[PDB]
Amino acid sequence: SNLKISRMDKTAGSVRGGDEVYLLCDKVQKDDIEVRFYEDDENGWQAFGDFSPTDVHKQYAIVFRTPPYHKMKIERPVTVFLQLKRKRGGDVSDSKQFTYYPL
């Protein structure tokens, strides 16, 4: 609960990932942050937000590319959770929702 996501560019996208999202957050260290996309279920899937250090703006924003879903053949939009977290870190932000769309 140390980390926080204030606002996001988008909350949906192509299951193929590759979508650029602007993320407004509370202070974050550019060398110890990641954007984890995950599902809360026995399978426990997780993909990560793509981006280098330079995309973290003044420690208060992150411009990244979405990861793709593990199944491209989905019939309807699937919602998943996405949060902020320190690498190995055990510190995270509350988790917002992100939906993936078909093709």
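Position 1 is the first residue in the sequence shown; the rest follow in order.
If you average the C-alpha B-factors over 86 to 94 and over 7 to 15, the higher value belongs to 86 to 94. Between 62 to 70 and 41 to 49, the higher mean Cα B-factor belongs to 41 to 49. When all modelled residues of the chain are sorted by CA temperature factor, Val80 is found within the middle third.
In the PDB entry, a CA B factor belonging to the middle third of its chain's modelled residues is recorded for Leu24.
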